[PDB]
Amino acid sequence: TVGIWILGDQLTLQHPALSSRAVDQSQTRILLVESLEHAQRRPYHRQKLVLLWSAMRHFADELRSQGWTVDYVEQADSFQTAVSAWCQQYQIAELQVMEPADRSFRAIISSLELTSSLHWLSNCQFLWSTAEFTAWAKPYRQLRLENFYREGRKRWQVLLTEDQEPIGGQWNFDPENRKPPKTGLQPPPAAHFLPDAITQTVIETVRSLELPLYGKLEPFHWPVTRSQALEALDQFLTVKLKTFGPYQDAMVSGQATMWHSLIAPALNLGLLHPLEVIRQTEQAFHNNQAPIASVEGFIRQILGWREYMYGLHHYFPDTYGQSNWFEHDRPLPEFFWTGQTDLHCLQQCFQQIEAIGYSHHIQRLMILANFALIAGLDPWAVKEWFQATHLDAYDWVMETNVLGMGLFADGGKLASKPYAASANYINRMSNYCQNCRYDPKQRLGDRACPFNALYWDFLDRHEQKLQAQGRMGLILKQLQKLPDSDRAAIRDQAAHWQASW
Ligand SMILES: *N1=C2C(=O)[N]C(=O)N=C2N([C][C]([O])[C]([O])[C]([O])[C]OP([O])(=O)OP([O])(=O)O[C][C]2O[C](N3[C]=NC4=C3N=[C]N=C4[N])[C]([O])[C]2[O])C2=[C]C([C])=C([C])[C]=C21
Ligand SMILES: O=c1nc2n(C[C@@H](O)[C@H](O)[C@@H](O)CO)c3cc(O)ccc3cc-2c(=O)[nH]1
Ligand code: SF4
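The opening residue of the sequence shown carries number 2 in the UniProt record's numbering; numbering runs sequentially from there.
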């Protein structure tokens with residue numbers, strides 16, 4: 002008998018084993034396993050475990066409804082235990098497994114001691130294959146997102162005219178997609194879904210776990226099935242896509258979701274495929290649902306950024322997780338876990354992450370990662386915290402986004418420059434500072450925004466290495482205007498916030 006073991010982020014009906022064994026349906030058995038040892042590796046958001054395990058159970062029933070014999074092992078101790086016993090029990094001869102998106106997971110699988118032999122199949126959940134990405138990247142020492150993205154537009158024939166020119170007269174509309182927030186404008190609402198019976202049962206199961214976990218269990222409103230995921234997507238496309246562009250980087254107090262799609266957790270489980278998402282987004286444009294700038298804007302986040310991160314996770318060395326270019330080693334402040342800070346920008350983020358396991362991109366980069374970079378925090382710790390707390394989190398996307406984009410911990414392999422910034426950025430692109438007890442225009446004293454002393458001490462401390470990269474000339478000239486007495490005072494100020502967190 003052939004076995005297929007399907008993993009919790011591979012919930013796709015186009016799993017390759019399901020396409021090849023489709024003639025051999027009566028001689029195949031499908032396994033899915035929930036592993037408590039796996040969940041114990043991080044203090045996971047309660048909604049992450051709810052989401053993943055409810056999506057798994059729903060997917061298993063979907064597969065049965067199509068004729069497949071599916072054995073589901075609930076709340077197992079270990080993959081070793083569950084998988085070995087199932088293999089033994091059903092005399093499985095060949096265990097087909099799709100290459101995990103998270104490369105560290107491969108070691109787990111291939112270390113299992115099993116009566117079956119292992120037959121690896123290629124991951125075909127993303128647009129670019131690992132081999133294709135590697136071939137594209139190999140010729141260059143320095144990679145660039147923009148070029149990769151254009152190559153994507155061509156290979157998948159995305160938003161092109163009949164003569165192969167980019168629709169709207171240019172490849173990239175991002176310059177237009179950085180307006181600050183407009184006073185009084187109310188975002189449209191997030192898609193919400195009431196848990197069904199399966200989901201409810203998992204909520205109860207998570208509720209009673211003894212593992213240390215994070216954040217609120219309820220209300221859980223996330224899509225857990227393909228059909229809900231498609232609904233979420235369709236609603237984003239018909240309501241929000243029309244203004245995704247303008248306020249892409251905007252942050253507003255009290256507004257957790259804004260004009261974002263919130264499909265990443267569903268995409269990252271396999272319930273949606275990146276191409277389908279892109280094709281629907283184009284169709285939306287050809288149905289007059291949104292301007293091209295927002296249309297292209299959205300697509301670039303999947304065709305570009307998302308593909309890029311998956312590719313780099315497998316292209317980079319497997320030691321990339323230890324990148325620490327700045328030699329930062331400070332522990333996270335407890336406020337990352339409790340949310341108890343009076344830095345309003347941070348508090349707002351932590352509040353929504355606690356409540357729904359989600360912050361939007363510009364929060365992740367310009368509030369959270371930015372803070373972690375200028376505060377000198379251990380990159381591994383930050384990365385782990387993001388991985389525990391966000392419902393779209395996996396190694397492939399979090400190693401790259403945190404260590405590459407947010408923290409420049411790889412020294413600029415992924416990004417052009419550090420995204421570090423003082424309160425000038427946050428006050429301009431948000432309304433958070435208005436409701437804050439700190440002043441974004443002060444640098445010293447008890448009422449100064451701590452971002453200011455930290456950013457300027459950050460520059461001072463790494464002045465030499467930043468100088469040698471040579472993309473921060475203008476910013477470093479600013480540092481260079483500060484006398485040694487002024488930078489001493491900034492350092493004392495930074496030292497004070499660090500001790501007071
Ligand atoms: N950590 C994560 C993570 O765990 N999972 C994840 O999918 N993405 C992370 N990012 C990148 C983005 O911040 C994140 O995808 C968005 O916040 C997800 O929310 P939403 O509302 O689904 O996103 P959207 O509508 O604005 O965008 C549409 C889709 O585009 C993809 N996308 C966009 N930008 C991306 C990306 N995928 C990978 N990488 C990047 N940079 C999504 O699939 C989305 O559905 C992340 C970024 C940063 C800066 C940190 C520090 C940590 C994480
Ligand atoms: O097959 C499973 N996959 C689970 N996954 C996802 C797997 O696909 C695996 O973590 C990936 O590393 C493989 O790409 C989880 C991911 C999390 O972030 C948190 C908890 C889980 C739990 C499971 C699980 O119980 N079973
Ligand atoms: S003042 Fe500083 S801490 Fe307070 S909100 Fe603005 S940036 Fe965030």
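The beta carbon of each residue, even a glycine, is placed where N, CA and C say it ideally should be.
Asked, Found
"Leaving out five residues before and five after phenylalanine 409 in sequence, what residues of the same chain have Cβ atoms less than 7 Å from its Cβ?", "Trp326, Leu374, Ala416, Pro419"
"With a cut-off of 8 Å on the beta carbons, I'd call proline 44 and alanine 389 a contact; round off their distance for me.", "5 Å"
"Report whether the distance from the Cβ of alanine 83 to the nearest heavy atom of ligand 2 is below 7 Å.", "no"
"Within the structure, which residues are defined as neighbours of ligand 3 by a Cβ-heavy atom distance below 6 Å, reported in chain order?", "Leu344, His345, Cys346, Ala424, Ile427, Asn428, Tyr433, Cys434, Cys437, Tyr439, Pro441, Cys450, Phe452"
"DSSP state of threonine 342, grouped into three classes?", "coil"
"Can you find the residues in the same chain that come closer than 6 Å, C-beta to C-beta, to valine 74, ignoring five residues on each side of it along the sequence?", "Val34, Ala83"
"Is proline 220 helix, strand or coil when you go by DSSP?", "coil"
"May I ask you to report which of helix, strand or coil DSSP gives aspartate 461?", "helix"
"Ignoring anything shorter than 4 residues or poking outside the region 427 to 484, list the alpha helix (DSSP H) runs there in chain order.", "451 to 462, 464 to 470, 474 to 481"
"Which residue's Cα is closest to the Cα of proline 167: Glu232, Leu214, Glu283, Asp103?", "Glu283"
"What span of residues does the alpha helix (DSSP H) with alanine 285 cover, start to end?", "275 to 287"
"Straight-line CA distance for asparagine 124 to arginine 22?", "16 Å"
"For ligand 1, I want to know if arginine 227 counts as a neighbour, meaning its beta carbon is within less than 7 Å of at least one of the ligand's heavy atoms.", "no"
"Under three-state DSSP, which class holds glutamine 76?", "strand"
"So the alpha helix (DSSP H) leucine 122 belongs to, where does it begin and stop?", "First-last for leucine 122: 118 to 122, but that is the beta strand (DSSP E), not the alpha helix (DSSP H)."
"Reducing DSSP to helix, strand and coil, say where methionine 259 ends up.", "coil"
"When the distance is taken between beta carbons, is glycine 9 closer than 8 Å to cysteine 88?", "no"
"Taking the Cβ atom as the reference point for each residue, do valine 253 and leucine 268 lie within a distance shorter than 8 Å?", "no"
"Identify which residue in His463, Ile293, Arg107, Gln353 has its Cα closest to the Cα of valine 159.", "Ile293"
"Report yes if the C-beta distance between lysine 384 and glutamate 400 is below 8 Å; otherwise report no.", "yes"
"Going by the beta-carbon positions, is the gap between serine 118 and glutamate 95 smaller than 8 Å?", "yes"
"Is it buried or exposed, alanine 198, if we count other Cβ atoms within 10 angstroms and call 16 or more buried?", "exposed"
"Are the CB atoms of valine 203 and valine 398 nearer to each other than 8 Å?", "no"
"DSSP puts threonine 29 in a beta bridge; with which residues?", "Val3"
"Considering only the alpha carbon of each residue, which of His362, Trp386, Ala376 lies closest to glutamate 355?", "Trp386"
"Answer with buried or exposed for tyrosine 141, where buried requires no fewer than 16 other C-beta atoms within 10 angstroms of its C-beta.", "exposed"
"Pick out whichever of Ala132, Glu328, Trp6, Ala18 has its Cα sitting closest to the Cα of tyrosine 316.", "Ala132"
"If you scan the region 130 to 212 from start to end, which runs of the alpha helix (DSSP H) of 4 or more residues do you find wholly inside it?", "131 to 138, 146 to 156, 198 to 208"
"Please list the segments of the beta strand (DSSP E) lying wholly inside the region 76 to 100, counting only runs of 3 or more residues, in order along the chain.", "95 to 99"
"When you compare each of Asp175, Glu163, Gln126, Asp164 to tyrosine 150 by their alpha carbons, which one comes out closest?", "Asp175"
"Between which residues of its own chain and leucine 272 is the CB-CB distance below 6 Å, once the five residues before and five after are set aside?", "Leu12, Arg227, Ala230"
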